[PDB]
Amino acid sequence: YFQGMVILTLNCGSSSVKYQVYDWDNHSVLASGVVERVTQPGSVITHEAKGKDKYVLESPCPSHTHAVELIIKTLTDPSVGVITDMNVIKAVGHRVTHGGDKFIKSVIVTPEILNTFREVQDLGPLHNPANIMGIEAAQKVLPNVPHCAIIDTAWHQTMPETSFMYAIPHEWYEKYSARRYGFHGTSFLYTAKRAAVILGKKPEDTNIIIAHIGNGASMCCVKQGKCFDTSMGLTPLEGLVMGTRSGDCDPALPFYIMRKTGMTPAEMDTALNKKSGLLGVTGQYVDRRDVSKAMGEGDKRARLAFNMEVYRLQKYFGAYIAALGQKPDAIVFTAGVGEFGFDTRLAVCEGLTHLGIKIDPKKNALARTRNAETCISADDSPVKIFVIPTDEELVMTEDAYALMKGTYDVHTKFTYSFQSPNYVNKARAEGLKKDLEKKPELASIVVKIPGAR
């Protein structure tokens, strides 16, 4: 088939470049991978091409430009590559963490757009610099395609002022744009649209609450198909318990500790972002699998941490049920913990039965796959409970495709491929076939989508 409508997506950190290559016309992920230790000794690419063994190569990358060059060379390599030449790529979608209130939707990057991103860099100091370095690097390597910014905060720009304002001097909002922004926007967008499909409803008629429980974790209250409130804040620090981030805390507690320790703001910021959360409570574990395993061995710090995560999730679900002003149609679990953490889901939902959230423990235990969307609520639960594995890369891919084509707009005025009842994820469909060979009962909880055939 025609193989020339390919989209590259990139997510660049201070030390890494993650990539995916998507063939739009064949609706297929051709490859994904990561360059690690960028700007450091020992830079290395791990490249996973469809249908092939993992490829690993150490090659120095003192800059993000070297990392993007290594990716392109690997993608076009005759033996390990997946595209014939670099011109197969027709657009690049870049993750940008923070758009302030200057960006409500994805954009094609221009010099003026880059200047505007510099005006908001101070809002996302731990993330935006490397995101922008990745844009600048890829523009040098792939100069003849549009480079697009898909912005983690943009989804949440529908929040009303009563949700996004902090109770702080109004001058801090007016002069420094201090307000709630929220993150995980591409995940919430994708999962909100999938939830609407599963419910058989137009998005604008849906009222749902989504928990993106990854290493970073946040919740979104979706009212009439739009973000109404979300748990992260000005920065990704606020809200739920996370792997290494504190989430919610008395704003004065960091001062008490700074006085006690001698720490200064940037290193209190790093303690709250890199030494807190599950790692802080347990003293050693970041991954929820390790917390759950240690709890099962008797580790009281892990048992506490597990329960703190559960309790804060319960409180946020209750808060956002209140904020909706009505019973939600559904709650949604996504990201790694949401998709695999059956014990977290059980403990959360069992504490919410008086709010209409009735899990079926048998269904919940089966939902331990990335390859299917499932319904784990009891048949008569007032509120449906869905596990919807996310697809942030697809949002980035489709935004870049639609910006290149000229049809992209904000989601209240634009229709995504994955809003179709007949949308399929080819790689996940193949993985599901394998999952069903080992656990045939999983088929009983896969969602039944109205209008699909």
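The numbering used is simple: start at 1 and walk along the sequence shown.
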So 382-390 or 406-414, which one's hotter by mean CA B-factor in the entry? 406-414
Per the entry, where is the mean C-alpha temperature factor higher: 319-327 or 68-76? 68-76
According to the deposited entry, which of 350, 85, 309, 161 has the largest Cα B-factor? 85
Quick one: which of 374, 273, 207, 218 has the biggest Cα B-factor according to the entry? 273
Quick tally, chain-level thirds of C-alpha B-factors: residue 59 sits in the highest
Tell me, lowest, middle or highest third: where does the Cα B factor of residue 395 rank within its chain? lowest
So, residue 452's CA B-factor, relative to its chain, sits in which third? The highest
Ranking every modelled residue in this chain by its Cα temperature factor as given in the entry, which third contains residue 256? highest
So where's residue 47 on the chain's Cα temperature factor ranking, which third? highest
